[PDB]
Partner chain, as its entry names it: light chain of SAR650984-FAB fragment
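Only one chain is shown below, in structure tokens, and it's the form solved without its partner chain.
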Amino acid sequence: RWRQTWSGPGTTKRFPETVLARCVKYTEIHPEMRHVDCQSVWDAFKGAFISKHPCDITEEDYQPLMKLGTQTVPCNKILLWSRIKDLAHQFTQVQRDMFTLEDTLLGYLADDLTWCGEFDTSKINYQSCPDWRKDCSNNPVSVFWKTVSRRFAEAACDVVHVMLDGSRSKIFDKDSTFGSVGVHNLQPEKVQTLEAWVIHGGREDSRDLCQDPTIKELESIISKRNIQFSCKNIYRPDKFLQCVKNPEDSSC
């Protein structure tokens, strides 16, 4: 067929087997998650979206999965990000101290995957899935990330860090998961400071992007929640990672 139902790419091929193997791999590696039955995790993940209209997904749909994926993360070591995925993960892979959402069981299971079902059947739809923008925002993928990003934001305390892509015209974007979910779910009783790291798009020799209008916006929103705002430019992300791997020595 030359026309699919939805505008988004369909479910990642071998979704069941991929999620299940990711669950095995994660629970083998991370000792705190050793009790976790992966078949049950798969069962609950399925239950959230199978036989349900892929434009009528709710956070409740994912609560059984959230229960099984209950995980304590060091609340003062949380790294959020927006758009600038790869440096965030490369950073935490060396700084095995800070944690992104994808360093948790639930984020690790879903990272870069797409999935949806159909109301009329228990079939997984490998042909197409709702686009958040063209089709509906209550779809299995978008609702999953909203639910898990909210809980992750709520667990943070002390200094929370966020990496932003400073080569976007909207370095801070009110419409990203970070801007719509993360910023509004940090708990002012616990979170002392949000510190933004503005990742430069290379170039070299460049602007203080902590003065960018959208950063002033972020600063204002955060300050009015009674949380301190801090910002740092990361001019050379290639040198940053190098300094993380080899603190001091040369030009760090």
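Residue numbers count along the first chain shown, from 1.
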query = So which stretch wins on mean C-alpha B-factor, 215 to 223 or 200 to 208?
reply = 200 to 208
query = Going by what the PDB entry lists, where does residue 96 fall on CA B-factor within its chain: lowest, middle or highest third?
reply = highest
note = Tertile call for residue 82 (CA temperature factor, within chain, third-based) is the highest
query = Considering only modelled residues of the same chain, in which third does the CA B-factor of residue 33 rank: lowest, middle or highest?
reply = highest
ask   = In terms of the chain's CA B-factor thirds, is residue 170 lowest, middle or highest?
value = highest
note = By the entry's values, the third containing the CA B factor of residue 131 is the highest
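This protein has a second form, the form solved in complex with its partner chain, left out of what is shown; the following refers to that one.
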task = Indicate whether its partner chain has at least one heavy atom within 4.5 Å of a heavy atom of residue 72 in the deposited complex.
result = yes
query = Any chance residue 43 has a heavy atom within 4.5 Å of its partner chain in the deposited complex?
reply = no
request  = Please check if residue 213 has a heavy atom lying within 4.5 Å of any heavy atom of its partner chain in the deposited complex.
outcome  = no
inquiry  = Please determine whether residue 113 contacts its partner chain in the deposited complex, using a 4.5 Å cut-off between heavy atoms.
reply    = no
query = Even though its partner chain is not shown here, does it sit in the deposited complex so that 31, 35 and 190 each have a heavy atom within 4.5 Å?
reply = yes
query = Out of 132 to 149, which residues reach within 4.5 Å of its partner chain in the deposited complex, heavy atoms considered?
reply = none
